[PDB]
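In the block that follows, a single chain appears as C-alpha cells, in the form deposited in one PDB entry.
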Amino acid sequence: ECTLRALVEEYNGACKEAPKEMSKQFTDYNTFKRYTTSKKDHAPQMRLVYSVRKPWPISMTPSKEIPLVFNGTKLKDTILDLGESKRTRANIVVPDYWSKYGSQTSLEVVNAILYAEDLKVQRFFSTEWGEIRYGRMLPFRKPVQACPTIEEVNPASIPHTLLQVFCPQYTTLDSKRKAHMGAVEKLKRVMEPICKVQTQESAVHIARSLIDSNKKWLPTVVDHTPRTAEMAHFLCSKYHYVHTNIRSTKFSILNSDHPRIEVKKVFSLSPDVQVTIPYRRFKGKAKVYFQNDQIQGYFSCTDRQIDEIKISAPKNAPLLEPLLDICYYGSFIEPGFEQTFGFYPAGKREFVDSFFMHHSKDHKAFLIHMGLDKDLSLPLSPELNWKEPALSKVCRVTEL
C-alpha cells in the first residue's frame, strides 16, 4: 500500500541520514521534539514591523502549487531555510495568493476544524440579552469552568479519553478503564473527517478544547454556569450587570432489617488538627437491588461482608466500577473506610475520589474480601467482567 511504502522509505531515510539521533532512547522524544536553535519567542513584539517587510519574510514547506513567479512577483525561494529540514522561504503575499488561487478541501473537514469555534459563535448568537442595569456591583473572583464542554470529564481522564478517540488500538486495558466512555463516541462522530495522519496534530487540540474544563478565575456577581462564564467580560463588571436568560447507581434498599447506620470516624492528622468523616454502613441483614444501564441484580448484606452477589449483564460487558460503587455503599472493602491510603485525607470529596481511583487501579481488595474458587460455572472473572474464558473465577456469585 502506498502510505506503508512511504513510511518504509521515510524510516530508511531516517536510518541513513541520522544514525546517531535514531540511536537515542524513545523517551528522549519529549526533549528533542523541541530541539531548535531558533529564538523567535524572545521579545518578538519589537521585531514584527521590519521582519514582515524583509525580503523572504516567511517560512514555507516546498510545494508545487506555488509558482516561482506569479504576475511578476517572486512568490517563493529555491533555497531551504537554515536549520529547517523541509521548509524554505517565500514572500509574504503567499498567504494572500493561496486565499484565491489555492487548492480546496472537503466541506466536512472545514466543519471539523471549525467545530469548537463555531459552537462558541452559535452560543453567542443563540441567547437573548437583557437590559443593562447600572449600579455599584461588587464583583468577586471565583474559580469557574470557563469553556462549556460536550460532556463532563475528570481532569485525569482527558488523556485516556483522547487516546481512545484517536488510537484505540495503541492503549492498555487500564487506560481504557480510566477513559470516559459516553463522551468518546460524540467526539468520534464529530471528529471523524479530520482524524487523519495529516491532521492528527490539529485534531487533538480541538478535541481537548471541547473536553477540557479549565478552571479560570473570573469575576462574578451571580453564580455562573459553564455557559455564562466565557462571556463574563461583558455581562458583569464594577458598574453594570446585564441579566442574561453513589456516582451513577440506584440503591433501592428494599428489604433491610435495619436502616443505614452512620459510624462517624475521626482521622487525626495531629492532636490539634483532626478530620471527621462519617461513612454509611449496613447493620444486620439487607437485600439491595442495584441497576446500572443494562446491568441489574441484587446482593445480600451480612454485616460489612458481601455474602453473595448475582447480576444480569450482557456478555463481555465491563462491570468494575458498578461493583466498586456496590462496595462503597455498605463499606464492604478496605482500605477506604476505616484506614487511610497511607496519607491522611482532607475532605470527604477528596477521600471518595481517592477511594475510587485507588480501587479502580487495583481491585485486589474486592477479590480478597469477596471470594474466589476453581471452577467454570461462575459468571465473572478476577478482572470483574462478565462471561469470558478465564481461570480462578470469583466465588460466591450466581446468575439471576
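In case it trips you up, residue 1 is the first one in the sequence shown, and so on. Each form is matched to the other, and the largest set of C-alpha atoms that superpose within 1.5 Å is called the rigid core.
Beyond what is shown, the protein has a form deposited in another entry; the following relates to that form.
The residue that stands out in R349, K33, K364, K54 is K54, the single one whose Cα moves by 2 angstroms or more between this form and the one not shown on a rigid core fit.
Once the rigid core is used as the reference frame, the Cα position of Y97 differs between this form and the one not shown by 2 Å or more. Annotation for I158: C-alpha shift under 2 angstroms between this form and the one not shown, rigid core superposed. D293: CA moves less than 2 Å between this form and the one not shown after rigid-core fitting. If you compare C-alpha positions, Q198 and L210 are 3 angstroms or more closer together in that other deposited form than in the form on display. Legend note: Cα of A207 to Cα of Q198 is at least 3 Å closer in that other deposited form than in the depicted form.
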